[PDB]
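Single-structure report; data block below.
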Amino acid sequence: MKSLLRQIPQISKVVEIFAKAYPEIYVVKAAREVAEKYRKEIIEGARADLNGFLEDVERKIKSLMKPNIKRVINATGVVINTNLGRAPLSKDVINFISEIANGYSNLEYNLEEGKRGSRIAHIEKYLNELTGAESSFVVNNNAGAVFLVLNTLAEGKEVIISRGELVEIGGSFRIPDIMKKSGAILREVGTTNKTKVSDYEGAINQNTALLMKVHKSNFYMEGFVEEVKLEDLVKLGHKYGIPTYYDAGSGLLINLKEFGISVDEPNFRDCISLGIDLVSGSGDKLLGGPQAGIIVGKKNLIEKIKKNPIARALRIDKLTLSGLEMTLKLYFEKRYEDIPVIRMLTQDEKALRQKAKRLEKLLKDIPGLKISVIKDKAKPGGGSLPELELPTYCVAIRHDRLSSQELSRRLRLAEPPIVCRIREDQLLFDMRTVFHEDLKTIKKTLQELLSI
Amino acid sequence: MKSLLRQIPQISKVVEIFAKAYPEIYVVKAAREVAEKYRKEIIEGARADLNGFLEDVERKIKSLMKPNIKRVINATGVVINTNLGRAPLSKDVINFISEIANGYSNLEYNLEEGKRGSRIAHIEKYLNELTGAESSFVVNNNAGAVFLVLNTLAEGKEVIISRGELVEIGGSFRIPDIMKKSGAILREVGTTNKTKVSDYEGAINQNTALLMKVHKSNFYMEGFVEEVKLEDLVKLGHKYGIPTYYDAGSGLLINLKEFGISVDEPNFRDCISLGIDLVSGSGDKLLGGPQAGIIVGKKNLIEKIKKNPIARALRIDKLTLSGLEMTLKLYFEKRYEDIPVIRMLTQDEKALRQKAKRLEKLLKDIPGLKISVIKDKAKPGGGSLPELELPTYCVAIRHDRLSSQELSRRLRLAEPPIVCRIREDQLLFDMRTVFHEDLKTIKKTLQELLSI
Amino acid sequence: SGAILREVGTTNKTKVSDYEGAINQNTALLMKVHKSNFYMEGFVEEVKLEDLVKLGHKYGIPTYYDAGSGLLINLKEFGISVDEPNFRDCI
């Protein structure tokens with residue numbers, strides 16, 4: 001059998017077979033990858049033929065020459081899709097970022113005095129105005145925002161939190177596991193479904209340095225359920241002289257009812273003007289900006305957090321920083337519709353159907369396509385609004401030759417790739433998340449798969 | 001005195017004064033800011049006039065309509081300028097980032113299996129190939145990269161490090177201050193200027209969980225100075241069964257001598273092929289990419305670091321991740337000249353003068369300009385190569401009317417702003433860091449400051 | 001020597017805060033050594049001598065300078081411009 005492997009050609013040989021076919025570098029890489037897959041499949045004795053080799057090597061090349069990370073047409077109708085890269089960016093923003101990165105900038109440089117300056121200084125001016133807090137700060141992500149406030153104000157001392165708010169958001173984030181590593185001592189009060197104020201006030205003592213509440217962003221509880229009002233926690237804190245820290249998570253920058261969507265989702269300005277001492281949240285969620293941990297609250301506290309030697313390991317990069325400023329600039333100018341996440345959720349019901357049938361008009365001709373437009377109620381928010389359920393128009397399709405399952409599979413392999421919902425062997429396309437310029441790309445993808 | 005303030009107009013009044021002059025939003029903001037500066041200056045009794053008010057309010061508006069962060073033309077000749085935003089990005093990269101941010105992407109989504117996937121998985125393939133390490137990982141920045149390795153492998157246990165390598169890079173970073181917060185116990189061996197191998201081997205014991213060495217990136221010592229060779233530390237580790245962790249900091253991905261520049265700066269591939277168990281470094285230094293903490297080494301260690309609940313608070317954002325992959329793609333394709341930092345330092349001496357005099361040809365006409373081109377020896381590397389001194393052509397200038405000091409100041413106030421060196425009342429412009437499309441922007445700035 | 005060593009600051013940089021921060025009940029001496037046979041360039045900060053004296057007189061702690069070079073007089077008076085410390089001036 002040491003003859004069923006001697007066969008396999010030489011990398012020198014295959015690079016020849018692709019003279020100008022493909023770059024020499026990409027050829028050798030695909031040959032190696034392929035050369036190893038045949039040595040093992042032959043060593044375990046699972047291959048008797050090698051003809052697949054030639055065809056495969058070229059497939060690796062065609063594959064290995066395209067970027068891993070690629071824009072993806074989201075048809076699921078979930079605005080904050082943790083998996084697809086959360087909040088996408090308006091071009092306005094992406095260009096301001098493009099420019100600052102193109103060359104040098106006054107990142108850590110104050111042009112006034114001609115000496116180094118804090119990079120966190122450019123933005124904070126925007127934050128304190130929009131929220132109303134005394135001072136602000138920003139780090140890598142909210143995950144770290146939590147960890148920093150804990151290690152800053154409660155290392156070695158106790159922090160009270162409701163047993164119903166010890167969440168697991170994401171694959172590796174868990175309030176209980178992080179806070180541990182945070183150095184803070186965890187004192188869990190109340191019970192899963194219910195927690196009164198007595199529960200909080202009961203566990204206070206000499207060690208209690210913090211009263212923390214987390215917002216159940218990626219889940220919710222119904223049935224017999226009780227929660228401790230925010231006004232009450234503030235009252236409790238100012239009674240014993242204990243600080244209050246709210247991890248909003250959603251990072252909703254403004255009141256949401258002002259846009260027609262009626263929900264209780266909390267927001268910075270409102271929670272700050274409520275009496276909370278500190279508040280944090282992700283920027284790539286309900287804020288609609290790049291990944292960023294945002295913290296706002298009392299000056300005395302912000303100063304304490306900034307000075308922590310760990311803040312330097314969380315300090316934001318040049319990209320998200322600038323990109324954050326232009327997203328913040330848009331918020332001051334009330335340019336709401338310019339921020340993707342905002343526009344997608346506040347879209348006119350009329351507006352949705354309008355795009356639902358403009359796509360159906362582009363697929364009537366494609367062979368074997370059963371096209372219909374259905375009005376369905378989905379839950380837009382993926383990583384920030386769990387309970388929200390809003391109506392949206394899906395253009396459900398079905399081909400006679402291929403099945404809905406196999407259909408989603410090839411669409412995710414397309415270039416560009418398309419990810420969509422599946423419900424009872426009927427592929428669905430939520431228009432809540434689909435951009436206009438994709439409609440033309442949707443039709444050309446479908447016609448290249450069912451006609452090839 | 002309560003009448004020297006009643007005077008000041010009403011925000012309703014000023015908004016009027018700027019009907020279509022400027023957006024009402026920006027007008028009120030500047031009026032408020034201005035209204036406050038006059039109430040305090042009159043309360044402390046430092047202002048008797050209010051005429052400056054109208055002129056100023058309009059200046060805030062002109063200013064406030066302009067974002068705080070702004071691109072700046074670096075003429076200092078320092079490629080890794082910690083202050084000006086370190087390594088700038090090639091347009092090839094800026095566009096790939098631009099694309100992935102415009103919409104949704106497969107960030108945390110594996111298109112193959114159609115279920116969530118690790119976003120760190122896209123890149124790692126590149127790293128292990130370039131470095132030769134068993135596994136890799138990346139976080140916010142190198143500051144955190146250190147922090148994470150320490151809390152992951154030496155929380156509560158001792159880490160040996162040379163007393164000459166306990167650096168303070170940046171304004172808030174200090175190996176001793178962070179390692180403390182890291183939970184690791186610090187065991188400093190040797191002396192400032194000298195440290196033999198005996199010093200390392202002498203402090204080992206039951207608690208010694210790590211042998212760590214830091215590269216003196218932003219400083220250097222000459223005179224009687226001794227250091228412990230890297231081969232020795234690896235030998236020492238493998239004798240007692242202790243891991244070795246190198247914080248290169250510079251993040252040099254490849255051998256530097258291959259490009260004509262003779263320096264001993266360490267690099268991943270070589271450091272790893274040396275026997276080092278772990279190695280870290282910033283992406284925005286000698287790598288030339290976006291800010292990122294990079295770690296490569298043994299698989300069993302990488303897995304230990306990843307599982308750390310803190311890794312989630314350091315995990316990189318969508319912007320730097322993508323931008324990092326395209327910068328890594330460039331390295332595989334041997335596209336060295338495409339990454340700014342690399343091109344600027346390896347430019348032909350010939351190359352530099354060629355741009356030195358093409359600028360002097362643009363300023364001969366401007367009034368009062370004393371233009372001369374000198375060949376000076378400066379130090380290109382700011383945050384990664386302290387000792388390097390390379391020759392470069394500066395176009396030293398001098399006007400009869402204004403002084404060099406006043407000169408630098410107006411230049412930083414220009415749009416775009418230009419930052420340059422000062423030496424003996426003579427302004428200088430190192431061409432090592434100047435982009436060609438700036439030369440035209442330089443001339444248009446100068447003629448607009450001297451003739452207006 | 002029998003003395004307990006309290007090292008402050010970092011290799012390349014050391015501000016005054018570092019000195020004043022480690023003082024306590026046992027702190028009997030504030031000592032500074034002159035880097036005679038080596039030097040550091042790049043990002044490097046040092047605590048001025050006037051500051052250390054001020055710091056000592058505030059807490060009532062003695063100041064001890066190991067010049068090492070043993071330069072008895074100002075060096076600039078001979079044409080050579082260097083910052084090397086000397087007894088008369090340091091005292």
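Identifiers for the structure tokens are assigned positionally: chains receive A, B, ... in sequence, residues are indexed from 1 per chain, and ligands are indexed from 1 in the order shown.
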
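If you count only C-alpha atoms and ignore residues fewer than 3 places along the chain from residue 316 of chain A, what sits within 9 Å of it is residues 119, 120, 138, 139, 140, 141, 292, 293, 312, 313, 319, 320 and 321 of chain A; 140, 141 and 291 of chain B.
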
Could you save those same residues with C-alpha atoms as a CSV table (one decimal), in the first residue's frame?
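Writing the result to selection-v1.csv gives the following:
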chain,number,residue,atom,x,y,z
A,119,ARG,CA,-7.3,59.6,23.9
A,120,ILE,CA,-10.5,59.0,25.9
A,138,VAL,CA,-14.9,54.0,27.5
A,139,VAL,CA,-13.2,50.6,27.2
A,140,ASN,CA,-12.9,47.6,24.9
A,141,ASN,CA,-16.4,46.2,25.5
A,292,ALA,CA,-17.2,49.5,23.1
A,293,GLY,CA,-17.7,49.4,26.8
A,312,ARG,CA,-4.8,50.6,30.0
A,313,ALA,CA,-5.3,47.0,29.0
A,319,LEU,CA,-10.6,52.4,14.9
A,320,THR,CA,-13.6,52.0,17.3
A,321,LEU,CA,-12.7,55.3,19.0
B,140,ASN,CA,-7.5,44.3,22.6
B,141,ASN,CA,-3.8,45.2,23.0
B,291,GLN,CA,-4.1,47.8,17.6

Please return, as a ChimeraX atom specification, all residues of chain C that DSSP assigns to helix (DSSP H, G or I) on the basis of the backbone. /C:16-21,49-59,76-78,87-90

Polymer residues at most 12 Å from residue 7 of chain C, only C-alpha atoms, same-chain spacing of 4 or more positions, as a list in words: residues 163, 166, 176, 188, 191 and 192 of chain B; 11, 14, 18, 19, 20, 21, 22, 23, 27, 29, 30, 31 and 32 of chain C

From a DSSP calculation on the backbone, collect every residue of chain C in strand (DSSP E) and output the set as a PyMOL selection string. chain C and resi 30-33+38-42+63-66

Would you export the selected residues with N, CA and C atoms as a PDB file, in the first residue's frame, please?
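Output contents, as saved in part10.pdb:
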ATOM      1  N   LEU C  30      16.082  57.589  52.595  1.00  0.00           N
ATOM      2  CA  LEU C  30      15.754  57.884  51.212  1.00  0.00           C
ATOM      3  C   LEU C  30      17.111  57.891  50.518  1.00  0.00           C
ATOM      4  N   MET C  31      17.381  56.868  49.709  1.00  0.00           N
ATOM      5  CA  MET C  31      18.664  56.787  49.015  1.00  0.00           C
ATOM      6  C   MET C  31      18.592  56.787  47.482  1.00  0.00           C
ATOM      7  N   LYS C  32      19.488  57.546  46.855  1.00  0.00           N
ATOM      8  CA  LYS C  32      19.556  57.621  45.402  1.00  0.00           C
ATOM      9  C   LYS C  32      20.975  57.366  44.949  1.00  0.00           C
ATOM     10  N   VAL C  33      21.102  56.521  43.939  1.00  0.00           N
ATOM     11  CA  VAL C  33      22.404  56.203  43.401  1.00  0.00           C
ATOM     12  C   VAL C  33      22.531  56.797  42.005  1.00  0.00           C
ATOM     13  N   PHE C  38      26.781  53.437  33.340  1.00  0.00           N
ATOM     14  CA  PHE C  38      25.751  53.087  32.360  1.00  0.00           C
ATOM     15  C   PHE C  38      24.764  54.237  32.251  1.00  0.00           C
ATOM     16  N   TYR C  39      23.890  54.185  31.252  1.00  0.00           N
ATOM     17  CA  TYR C  39      22.888  55.226  31.079  1.00  0.00           C
ATOM     18  C   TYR C  39      21.720  54.706  30.267  1.00  0.00           C
ATOM     19  N   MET C  40      20.572  55.353  30.424  1.00  0.00           N
ATOM     20  CA  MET C  40      19.386  54.943  29.700  1.00  0.00           C
ATOM     21  C   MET C  40      18.804  56.090  28.892  1.00  0.00           C
ATOM     22  N   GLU C  41      18.501  55.797  27.638  1.00  0.00           N
ATOM     23  CA  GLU C  41      17.915  56.784  26.757  1.00  0.00           C
ATOM     24  C   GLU C  41      16.639  56.197  26.185  1.00  0.00           C
ATOM     25  N   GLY C  42      15.782  57.079  25.692  1.00  0.00           N
ATOM     26  CA  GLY C  42      14.492  56.660  25.188  1.00  0.00           C
ATOM     27  C   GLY C  42      13.541  57.168  26.247  1.00  0.00           C
ATOM     28  N   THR C  63      18.320  62.164  53.674  1.00  0.00           N
ATOM     29  CA  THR C  63      18.588  61.928  52.279  1.00  0.00           C
ATOM     30  C   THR C  63      20.080  61.556  52.091  1.00  0.00           C
ATOM     31  N   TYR C  64      20.341  60.446  51.391  1.00  0.00           N
ATOM     32  CA  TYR C  64      21.713  59.959  51.145  1.00  0.00           C
ATOM     33  C   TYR C  64      22.048  59.723  49.666  1.00  0.00           C
ATOM     34  N   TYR C  65      22.926  60.557  49.110  1.00  0.00           N
ATOM     35  CA  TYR C  65      23.307  60.434  47.704  1.00  0.00           C
ATOM     36  C   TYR C  65      24.650  59.756  47.477  1.00  0.00           C
ATOM     37  N   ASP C  66      24.632  58.666  46.723  1.00  0.00           N
ATOM     38  CA  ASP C  66      25.864  57.979  46.394  1.00  0.00           C
ATOM     39  C   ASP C  66      26.253  58.470  45.014  1.00  0.00           C
TER      40      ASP C  66
END

Residues within 8 Å of segment 98-103 of chain B, please, as a PDB file with C-alpha atoms, in the first residue's frame. Count only C-alpha atoms; anything in the same chain fewer than 6 positions from it doesn't count.
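Written out: result34.pdb:
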ATOM      1  CA  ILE A  69     -14.389  37.578   6.945  1.00  0.00           C
ATOM      2  CA  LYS A  70     -16.999  38.689   4.445  1.00  0.00           C
ATOM      3  CA  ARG A  71     -20.001  40.903   4.364  1.00  0.00           C
ATOM      4  CA  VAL A  72     -23.125  38.767   4.641  1.00  0.00           C
ATOM      5  CA  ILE A  73     -26.684  39.380   3.505  1.00  0.00           C
ATOM      6  CA  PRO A  88     -23.581  47.432  11.088  1.00  0.00           C
ATOM      7  CA  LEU A  89     -22.189  50.868  10.240  1.00  0.00           C
ATOM      8  CA  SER A  90     -23.523  53.779   8.249  1.00  0.00           C
ATOM      9  CA  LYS A  91     -21.224  54.858   5.453  1.00  0.00           C
ATOM     10  CA  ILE A  94     -17.114  54.155   7.916  1.00  0.00           C
ATOM     11  CA  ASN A  95     -15.617  57.018   5.968  1.00  0.00           C
ATOM     12  CA  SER A  98     -11.285  55.342   6.870  1.00  0.00           C
TER      13      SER A  98
ATOM     14  CA  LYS B 318     -15.065  43.812  14.505  1.00  0.00           C
ATOM     15  CA  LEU B 319     -12.910  46.590  13.026  1.00  0.00           C
ATOM     16  CA  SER B 322     -10.934  42.291   9.903  1.00  0.00           C
TER      17      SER B 322
END

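Atom pair atom CA of residue 243 of chain B / atom CA of residue 216 of chain B has a distance of 20.7 Å (rounded to one decimal).
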
Selection near residue 67 of chain C, 9 Å with only C-alpha atoms, sequence-local residues under 4 positions removed, as number ranges by chain: C: 32-36, 71, 84-87

Just write the chosen residues, C-alpha atoms, as a CSV table (one decimal), in the first residue's frame.
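And here's again-v1.csv as it stands now:
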chain,number,residue,atom,x,y,z
C,32,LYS,CA,19.6,57.6,45.4
C,33,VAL,CA,22.4,56.2,43.4
C,34,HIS,CA,24.0,57.9,40.4
C,35,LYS,CA,24.1,55.8,37.3
C,36,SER,CA,27.9,56.1,36.8
C,71,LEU,CA,33.4,64.8,41.6
C,84,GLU,CA,27.7,65.1,36.5
C,85,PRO,CA,26.9,65.8,40.2
C,86,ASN,CA,29.5,67.1,42.7
C,87,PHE,CA,29.8,67.4,46.5

Select, as a VMD selection string, those residues of chain B with any atom no more than 8 Å from chain C (distances computed using only C-alpha atoms). chain B and resid 163 to 169 174 176 192 to 193 218 to 225 386

Taking N, CA and C atoms for each residue, export the selection above as a PDB file, in the first residue's frame.
ATOM      1  N   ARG B 163      15.386  42.633  36.766  1.00  0.00           N
ATOM      2  CA  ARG B 163      15.148  43.943  37.362  1.00  0.00           C
ATOM      3  C   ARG B 163      15.367  45.074  36.357  1.00  0.00           C
ATOM      4  N   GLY B 164      15.949  44.753  35.204  1.00  0.00           N
ATOM      5  CA  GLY B 164      16.170  45.772  34.190  1.00  0.00           C
ATOM      6  C   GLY B 164      15.068  45.785  33.149  1.00  0.00           C
ATOM      7  N   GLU B 165      14.116  44.870  33.291  1.00  0.00           N
ATOM      8  CA  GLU B 165      13.031  44.761  32.331  1.00  0.00           C
ATOM      9  C   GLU B 165      11.661  45.127  32.897  1.00  0.00           C
ATOM     10  N   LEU B 166      11.648  45.795  34.045  1.00  0.00           N
ATOM     11  CA  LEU B 166      10.387  46.216  34.665  1.00  0.00           C
ATOM     12  C   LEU B 166      10.126  47.615  34.141  1.00  0.00           C
ATOM     13  N   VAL B 167       9.661  47.661  32.903  1.00  0.00           N
ATOM     14  CA  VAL B 167       9.446  48.908  32.190  1.00  0.00           C
ATOM     15  C   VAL B 167       8.166  49.701  32.441  1.00  0.00           C
ATOM     16  N   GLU B 168       8.188  50.943  31.963  1.00  0.00           N
ATOM     17  CA  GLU B 168       7.035  51.833  31.994  1.00  0.00           C
ATOM     18  C   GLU B 168       6.869  52.393  30.594  1.00  0.00           C
ATOM     19  N   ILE B 169       6.090  51.685  29.788  1.00  0.00           N
ATOM     20  CA  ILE B 169       5.835  52.109  28.428  1.00  0.00           C
ATOM     21  C   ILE B 169       4.487  52.801  28.399  1.00  0.00           C
ATOM     22  N   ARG B 174       2.931  49.848  33.342  1.00  0.00           N
ATOM     23  CA  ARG B 174       4.128  49.536  34.123  1.00  0.00           C
ATOM     24  C   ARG B 174       4.087  48.068  34.510  1.00  0.00           C
ATOM     25  N   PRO B 176       5.366  46.333  36.698  1.00  0.00           N
ATOM     26  CA  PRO B 176       5.110  46.082  38.122  1.00  0.00           C
ATOM     27  C   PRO B 176       3.693  46.396  38.626  1.00  0.00           C
ATOM     28  N   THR B 192      19.654  46.580  37.697  1.00  0.00           N
ATOM     29  CA  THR B 192      19.257  47.421  36.578  1.00  0.00           C
ATOM     30  C   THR B 192      20.050  47.157  35.306  1.00  0.00           C
ATOM     31  N   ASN B 193      21.321  47.546  35.307  1.00  0.00           N
ATOM     32  CA  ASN B 193      22.172  47.387  34.130  1.00  0.00           C
ATOM     33  C   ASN B 193      22.610  45.957  33.797  1.00  0.00           C
ATOM     34  N   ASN B 218      10.909  50.975  24.364  1.00  0.00           N
ATOM     35  CA  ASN B 218      10.988  52.436  24.333  1.00  0.00           C
ATOM     36  C   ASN B 218      12.135  53.051  25.140  1.00  0.00           C
ATOM     37  N   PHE B 219      13.239  52.322  25.260  1.00  0.00           N
ATOM     38  CA  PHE B 219      14.413  52.823  25.977  1.00  0.00           C
ATOM     39  C   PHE B 219      15.551  51.831  25.810  1.00  0.00           C
ATOM     40  N   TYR B 220      16.755  52.226  26.209  1.00  0.00           N
ATOM     41  CA  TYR B 220      17.904  51.338  26.114  1.00  0.00           C
ATOM     42  C   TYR B 220      18.986  51.768  27.083  1.00  0.00           C
ATOM     43  N   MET B 221      19.853  50.829  27.438  1.00  0.00           N
ATOM     44  CA  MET B 221      20.930  51.125  28.362  1.00  0.00           C
ATOM     45  C   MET B 221      22.283  50.782  27.764  1.00  0.00           C
ATOM     46  N   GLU B 222      23.207  51.721  27.890  1.00  0.00           N
ATOM     47  CA  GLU B 222      24.551  51.524  27.391  1.00  0.00           C
ATOM     48  C   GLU B 222      25.513  51.784  28.535  1.00  0.00           C
ATOM     49  N   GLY B 223      26.725  51.272  28.381  1.00  0.00           N
ATOM     50  CA  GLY B 223      27.715  51.378  29.431  1.00  0.00           C
ATOM     51  C   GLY B 223      27.796  49.964  29.955  1.00  0.00           C
ATOM     52  N   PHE B 224      28.209  49.778  31.204  1.00  0.00           N
ATOM     53  CA  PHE B 224      28.261  48.427  31.730  1.00  0.00           C
ATOM     54  C   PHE B 224      26.840  47.876  31.859  1.00  0.00           C
ATOM     55  N   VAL B 225      26.455  47.052  30.887  1.00  0.00           N
ATOM     56  CA  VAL B 225      25.137  46.429  30.876  1.00  0.00           C
ATOM     57  C   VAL B 225      25.185  44.990  30.368  1.00  0.00           C
ATOM     58  N   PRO B 386      14.011  51.821  19.751  1.00  0.00           N
ATOM     59  CA  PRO B 386      14.634  52.915  20.485  1.00  0.00           C
ATOM     60  C   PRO B 386      16.012  53.331  19.992  1.00  0.00           C
TER      61      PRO B 386
END

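Take the candidates A:155, A:348, A:232, A:387 and check each one against chain B using only C-alpha atoms; the shortest distance goes to A:155.
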
Please provide as number ranges by chain all residues within 10 Å of residue 438 of chain A, with the sequence filter that same-chain residues fewer than 6 positions apart are discarded (counting only C-alpha atoms). A: 72-74, 359, 416, 418, 444

List the neighbours of residue 25 of chain B out to 10 Å using only C-alpha atoms; skip same-chain residues closer than 5 positions along the sequence, and give me the result as an NGL selection string. (:A and (332-334)) or (:B and (15 or 30 or 61))

Tell me which of B:58, B:33, B:227, B:400 sits closest to chain A, counting only C-alpha atoms.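 Once distances to chain A are computed over only C-alpha atoms, the minimum belongs to B:33.
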